[PDB]
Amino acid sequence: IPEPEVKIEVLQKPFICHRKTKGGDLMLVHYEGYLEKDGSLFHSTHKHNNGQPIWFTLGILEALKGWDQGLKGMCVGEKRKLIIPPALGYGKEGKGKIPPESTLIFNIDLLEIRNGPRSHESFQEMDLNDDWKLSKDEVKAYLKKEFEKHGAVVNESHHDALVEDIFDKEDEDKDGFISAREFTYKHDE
């Protein structure tokens, strides 16, 4: 358990949490940001953004390093305070209303989480022979290592059965493979 550099305080949790944020997730948030020095408000989505919340992508340094460290494992309806030292904020030089070497205090409300499935990167990871289609063996191999990564035991019969059902559903033209197009475009109809 590594030393946290941002102070995180959970102010409120939902009655029930169905999903927690992780790297790559888009987070719809309202927030207020204050300078710890004088308590002055530097930004509020409510006041400075026509009252609209904003989308933030977690875990890719889209914004402050402190947001990346402070907003993991968060649920819709959850509210968090972050106290962020300058090194994880705007550091020396600062920005806008934020002076150099400012510790920042955020009040952040999570309204929705989204993640877009089936990126090209995931396909390429699975396509071990780079032929732009996925074989049953390629899918089985991926499932095996993904389980084993987490130290989760692989029951081969359960996995073979899972693979068979995946292909029954996704292999639309029944050539035995899931092509790039069959991977990318999905319809239940």
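Note that residue numbering follows the sequence shown and begins at 1.
Between 45-53 and 120-128, it is 45-53 that carries the larger average Cα temperature factor according to the deposited entry.
Higher mean CA temperature factor, per the PDB entry, when comparing 90-98 with 105-113: 90-98. Residue-level inspection of the entry shows that, of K65, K133, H30, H150, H150 has the top Cα B-factor. Residue-level inspection of the entry shows that, of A161, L35, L143, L26, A161 has the top Cα B-factor.
Among the modelled residues of its chain, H18 has a C-alpha B-factor that falls in the middle third according to the deposited record. Ranked by Cα temperature factor within the chain, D175 sits in the highest third according to the deposited record. Residue-level temperature factors show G59 in the lowest third of its chain, judged at the C-alpha atom. Residue-level temperature factors show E138 in the lowest third of its chain, judged at the C-alpha atom.
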